[PDB]
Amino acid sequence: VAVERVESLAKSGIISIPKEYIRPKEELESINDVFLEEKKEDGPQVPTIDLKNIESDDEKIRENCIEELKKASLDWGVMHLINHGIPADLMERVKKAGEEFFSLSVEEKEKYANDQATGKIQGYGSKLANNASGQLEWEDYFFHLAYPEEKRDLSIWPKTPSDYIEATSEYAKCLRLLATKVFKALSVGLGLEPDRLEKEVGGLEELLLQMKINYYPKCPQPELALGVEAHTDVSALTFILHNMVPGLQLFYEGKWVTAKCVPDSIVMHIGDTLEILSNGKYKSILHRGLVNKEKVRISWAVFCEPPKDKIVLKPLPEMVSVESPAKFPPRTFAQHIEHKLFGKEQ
């Protein structure tokens, strides 16, 4: 098998991108210049949610916060979080370390190569074609479990920069706390006990935090490819950071909306797991990522996922009734993932 990283292809001197990276004709019609799209202020915009009062002593103020979070989650399912409690310097340190790792040569990064054929999903890699089309996305990545700490395999984490492990682990611990805060607010939003949603996804002992650094090299024909294909996250919640280079787009009301870069914010997605549990109330929105020819884009996505086999995911009983039938049948996390593949594969 040949191993070709997009970064390599991006520096091979090609004037035109390979066929496998060009999207089908129908999809190309919706892809425009990300910088032009970013400028547009017409149409629905991704909501910005202020979490400053999420756990305020002032009941009225707190409920307002929770209500805003609930409304955005029920409508968009995606939002820019601000005053989320994660120190700005910590986020800056995480992004710096990520940029430094990817600044290494492809050859250096290959020392961390994952190996899907043997189940070693962690490490440096790129999406392998998984269906008849053979479609590929303009992206390279680094993937690894980040929390709980006892489940980590630190031996595969980048040794360059020297503080990768320190900054990343600190960031993971902080995100785990924020996740608990969001889960409680979302639980209350559904009229459930505060601790319900987090418990349903595994709690502190089984909920996993996976870190995926997405590297999008400059692309010569940016409008013919995608950094990330259109899809929904299967996680319960996803928290994302990026290097202030636009690219994220959301499929809202049948149109592709471009997310604007909000300083010090953290993008948060409601994932399939919460959408299933809430019986469709909280939305796991379809989204994709655009690349460009001017700047390298990098994003840091941490997926908060339930154990893959231990929990059967289905709408919670409180969310189902004769008038509100189940919008999803029961499936474990692993079975849901396979079912979505089965859909595209077929």
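Residue numbers run from 1 along the displayed sequence.
- Higher mean CA B-factor, judged across 35-43 and 311-319 from the recorded values: 35-43.
- Two stretches are in play, 276-284 and 25-33, and the higher mean C-alpha B-factor belongs to 25-33.
- For the set 290, 296, 302, 65, the maximum C-alpha B-factor listed in the entry falls on 65.
- Residue set 223, 137, 166, 115: peak C-alpha B-factor at 223 (per PDB entry).
- The deposited CA B-factor of residue 1 belongs to the middle third of values across its chain.
- When all modelled residues of the chain are sorted by CA temperature factor, residue 78 is found within the lowest third.
- For residue 108, the recorded CA temperature factor ranks within the middle third of the chain's modelled residues.
- When the modelled residues of the chain are ordered by their C-alpha B factor, residue 100 lands in the lowest third.
- The deposited CA B-factor of residue 214 belongs to the lowest third of values across its chain.
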